[PDB]
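Next up: a single chain in structure tokens, the form deposited in one PDB entry.
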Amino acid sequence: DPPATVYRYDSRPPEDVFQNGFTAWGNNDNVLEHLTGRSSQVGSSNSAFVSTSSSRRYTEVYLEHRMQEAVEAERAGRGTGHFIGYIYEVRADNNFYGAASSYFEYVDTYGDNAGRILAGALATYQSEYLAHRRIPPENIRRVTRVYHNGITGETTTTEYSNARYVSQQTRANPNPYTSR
């Protein structure tokens, strides 16, 4: 079945996320622009989607990469090396859509052939799920905080549960996302 639980790395703390949920950047509803990295923060910063992963490890690799960038910066004399990152554990519902199936629906209908046909399961956004527009706070179950001390190298991990989380039987949508 589609996953009931997904994960999201984010820099923002639970005082924000546990109360307000996640809100997408904007109204850019183009799935292909989102999945290929064009409409999030380092691009046009207007995507209508919020990425998550069914694989906790995927989000841990993301956190580890961002922490390592802070470390490299300290060594280059460009920062103190400190880093705080968060991994949120989230209940998926019918407003969460598989990236792989959504990608294929889009490119089969509107794409050219680039990456349409030669696109295996491990290669094609294997574990990514897109929440459309919002991840409400009631879906956000808990968070792991990882703090790296840039000066001593000590890394400390803590956990917090969201009092606003609602436990209900939901899973991600079985169908691809389609706009409109």
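Between two forms, the rigid core is defined as the largest C-alpha subset superposing within 1.5 Å. Residues that one form lacks are left out of the comparison. One-based numbering along the sequence shown.
There is another form of this protein, the form deposited in another entry, and it is not shown here; the text below is about that form.
Residue showing a CA shift of 2 Å or more between this form and the one not shown (rigid core superposed; candidates 145, 134, 142, 116): 116.
Compared with the form shown here, the Cα atoms of residue 173 and residue 122 sit 3 Å or more farther apart in that other deposited form.
Between residue 170 and residue 122, the Cα spacing is larger in that other deposited form than in the shown form, differing by no less than 3 Å. Here is what shifts between this form and the one not shown when you lay the two on the core: just one run of at least 3 residues, every Cα off by 2 Å or more, at 112-124.
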